[PDB]
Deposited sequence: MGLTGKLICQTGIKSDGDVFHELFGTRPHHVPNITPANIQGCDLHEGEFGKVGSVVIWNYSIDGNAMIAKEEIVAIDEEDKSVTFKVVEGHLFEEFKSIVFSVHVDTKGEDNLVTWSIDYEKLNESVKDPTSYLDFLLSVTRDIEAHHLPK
């Protein structure tokens, strides 16, 4: 009853390898490119670009500052995908678990997926994070377009 999945897909005209590796090896540069959305990315454990690294994101939605600590649980170079599992922060006021994945198909299409389990049934499905992820994707595309 508590489980759901949200997905957004959109095209980018910028390079899809550069987009993938932004999130896979350079996530700490994301705040510099989309500062209205994401104000910080600090390495908590491990190393950038390695499975099992843990980062702390400082981000904002509708003018409200929030924090998410995430474990990078998968980086698939072949599929051009990165998966971030939330382990602490604001989102744990609503969810038991929530996982973000970003995939790039370069035959370019960026797909964001949100997999989640709500603490209880009155919790809203986190659709607002799709608007957030589309905004971050559009700022990255604009930055990467020469």
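Missing from the model, by position in the deposited sequence, are residues 1, 109-111, 151.
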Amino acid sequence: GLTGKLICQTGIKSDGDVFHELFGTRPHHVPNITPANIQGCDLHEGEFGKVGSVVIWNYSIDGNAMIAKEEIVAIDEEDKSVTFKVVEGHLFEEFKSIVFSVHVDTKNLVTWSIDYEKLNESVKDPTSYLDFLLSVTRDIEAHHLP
From here on, numbers count along this sequence of modelled residues.
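Of the two segments examined, 45-53 and 95-103, it is 45-53 that shows the higher average Cα temperature factor in the deposited entry. Look at the mean CA B-factor for 128-136 and for 13-21 in the entry; the higher one is 13-21.
Residue 38: CA B factor lies in the lowest third for its chain, per the PDB record. Ranked by Cα temperature factor within the chain, residue 2 sits in the highest third according to the deposited record. Split the chain's modelled residues into thirds by C-alpha temperature factor. Residue 81 is in the middle one.
Sort the modelled residues of the chain by CA B factor and residue 65 lands in the middle third.
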